[PDB]
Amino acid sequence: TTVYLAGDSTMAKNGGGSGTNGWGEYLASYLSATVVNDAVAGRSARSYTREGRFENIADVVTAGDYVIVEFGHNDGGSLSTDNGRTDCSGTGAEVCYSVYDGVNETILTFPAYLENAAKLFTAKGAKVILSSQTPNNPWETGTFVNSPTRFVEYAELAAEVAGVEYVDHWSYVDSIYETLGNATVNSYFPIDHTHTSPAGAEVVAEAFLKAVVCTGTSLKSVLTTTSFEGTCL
């Protein structure tokens, strides 16, 4: 069995650079399956699609493999100054057009990109898990702020529409960050409020697996242990 990971610098090998790392690098130790980390820094649901990276997973995924998809950090902003990452606003079948990189691009909503990827994989027999984005440092200001982005609820919506599994990685990470406290969580964010140090990436991976165990996600079948701190939500 293979587990394919799709996401951004919060998941990817080498993180956002400068000594940071992504949570996907800490998962294989806890799974009896092979992990393929196809996350890449800087990507959004839009740009991951445009670059053919969902298609590349589709080519190689087979029945019974898992695909975990987690976007949101790079999906906001303004199409008026199109950075190639921002999705069209909305939750459904809305379309936006913008010239980017020499093309008048057709741009979908965040849920539509995820639903489309999910359909591709599901029709081949893969088990798709959509996961909400991780939080930026919720202790940046010295007290704890739980401020989910719109992309958290959008991932849940996309899973419901596509008929696949949802894991609320956001909430499980923010729950453990609240309990770890100001000093420790700030130490996970060495250069900015997004990219985690190796210790933080490990915590973030553990929180994904806590969510899986607590929610009963299908991936539980390949987990090697359930010994993770925190509580079920």
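Don't overthink the numbering: it's just position in the shown sequence, from 1.
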item	value
Mean C-alpha B-factor comparison - 71-79 and 99-107, higher one	99-107
Greater mean Cα temperature factor according to the PDB record, 141-149 or 124-132	141-149
Out of 40, 167, 33, 201, residue topping the C-alpha B-factor column of the entry	33
Residue 115 by Cα B-factor - lowest, middle or highest third of the modelled chain	lowest
Third of chain Cα B-factors occupied by residue 49	lowest
Residue 63 - which third its CA temperature factor falls in, relative to the rest of the chain	highest
Cα B factor band for residue 232 (lowest, middle or highest third within the chain)	middle
Chain thirds of CA B-factor: placement of residue 191	highest
